[PDB]
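S.K.: Any chance you can model this:
(chains A and B)
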Amino acid sequence: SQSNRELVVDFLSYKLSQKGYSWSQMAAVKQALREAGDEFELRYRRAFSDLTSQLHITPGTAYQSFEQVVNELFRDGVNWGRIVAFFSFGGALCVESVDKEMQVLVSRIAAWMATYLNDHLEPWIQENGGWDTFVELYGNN
Amino acid sequence: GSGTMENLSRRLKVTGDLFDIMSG
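M.R.: Numbers count the residues shown, from 1 in each chain, chains lettered A, B, ... in the order given. Please find the structure below.
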């Protein structure tokens, strides 16, 4: 049963990360990204007001808002920190979408994010050491 | 409005940038 397999894998990964170990390189990247997001959001709220509700998201304007914010973010450059900002932005978009009962946007926001990573961030990422470098730099924080 | 976006991008860029610099 894949369901059970995925469960065992998720659980074991969580337990390994709690000790500074990792189930796989993908797992360590995930754990690093989650932690960097928490830290980034913490440092964001202590300086500003929630990145979540500010923009008025609607199914019809969501994409455009995502694109405007995201293009200005990497207009003059890409770096790990901005990527974390990006991930955290997408995350707040989804949280806001669910709060406002536009649950269907979450899978779209998800797609728009992977697409933007695959197309516009991957090049820089490969060129700068891949995600393993990201893990060295933001791992276990 | 739309001015909210410029402002959000800016706050995200500085926050990230500071975050990047503090890991070097």
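S.K.: For the closest residue to chain A within chain B, pull up the helix or strand it's in.
M.R.: Residue nearest to chain A within chain B (Cβ to the nearest Cβ): residue B:20, separated by 2.9 Å. From N, CA and C alone the C-beta is placed, and that goes for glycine too. Assigning secondary structure by DSSP states H and E places residue B:20 in helix B:3-21.
S.K.: Packing partners of that helix?
M.R.: Applying 3 or more Cβ pairs under 8 Å, 6 or more residues apart in numbering or on different chains; DSSP states H and E, we find helix B:3-21 packed against helix A:25-45, helix A:59-73, helix A:80-99.
S.K.: Can you report phi and psi for residue A:55?
M.R.: Per-residue torsions, residue A:55: phi -80, psi 150 (degrees, to the nearest 10).
S.K.: Kindly state the beta-bridge partners for it.
M.R.: According to DSSP bridges, the partner residues bridging residue A:55 are residue A:53.
S.K.: middle-most residue in chain A, spatially?
M.R.: Computing the C-alpha centroid of chain A and ranking residues by Cα atoms, centre = their mean puts residue A:87 first, at 2.8 Å.
S.K.: How about residue 24, nearest residue that isn't a chain neighbour?
M.R.: No chain was given, so I picked chain A. residue A:13 (7.6 Å; Cβ to Cβ, 6 or more residues apart in numbering or on different chains).
S.K.: um, chain B though
M.R.: Nearest residue to residue B:24 in three dimensions, chain neighbours excluded: residue A:137, at 8.0 Å (Cβ to Cβ, 6+ apart).
S.K.: my guess is residue A:39 contacts residue B:16, does it?
M.R.: No: Residue A:39 lies out of contact with residue B:16 (Cβ atoms under 8 Å); the separation is 11.4 Å.
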